[PDB]
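Written below as structure tokens is the structure these notes are about.
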Number of protein chains: 2
Amino acid sequence: XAXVXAXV
Amino acid sequence: XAXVXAXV
DNA sequence: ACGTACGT
DNA sequence: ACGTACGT
Ligand SMILES: *C(=O)c1cnc2ccccc2n1
Ligand SMILES: *C(=O)c1cnc2ccccc2n1
Ligand SMILES: *C(=O)c1cnc2ccccc2n1
Ligand SMILES: *C(=O)c1cnc2ccccc2n1
Ligand SMILES: [Mg+2]
Ligand SMILES: [Mg+2]
């Protein structure tokens with residue numbers, strides 16, 4: 001759920 | 001030389 | 001001359 | 001329910 005490298 | 005994850 | 005960064 | 005981010 002977090003987006004720091006994928007954002008899902 | 002750049003540091004964006006290792007910085008060497 | 002190498003690896004850091006998050007939760008829904 | 002998954003991967004992005006740089007050059008000395
Ligand atoms: C986001 O909160 C989140 C949490 N756990 C995960 C596990 C695997 C892929 C995506 C994820 N996203
Ligand atoms: C993004 O590509 C990415 C990859 N691995 C991680 C690990 C822990 C926190 C954040 C991350 N983001
Ligand atoms: C920094 O400018 C730089 C450039 N190329 C590299 C290759 C391998 C490890 C470290 C590096 N750092
Ligand atoms: C840092 O851990 C890291 C890893 N791979 C990269 C690829 C391209 C640009 C920056 C990067 N930084
Ligand atoms: Mg460490
Ligand atoms: Mg891409």
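Chain letters run A, B, ... following the sequence lines, proteins first and then strands; every chain starts at 1.
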Selection from [options] that lies nearest to any side-chain heavy atom of [X]:
{"X": "B:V4", "options": "D:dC6, D:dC2, C:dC2", "value": "D:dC6"}
{"X": "A:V8", "options": "D:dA1, C:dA5, C:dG3", "value": "D:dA1"}
{"X": "B:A2", "options": "C:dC6, C:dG3, D:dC6", "value": "D:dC6"}

Gap in Å between the two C1' atoms, one belonging to D:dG3 and one to C:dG3, rounded: 15 Å

P spacing across the pair C:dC2 / D:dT4, given as an integer number of angstrom: 24 Å

Canonical and wobble pairing (Watson-Crick, G-U, under 3.5 Å) of DNA chain C, dot-bracket with |: .||..||.

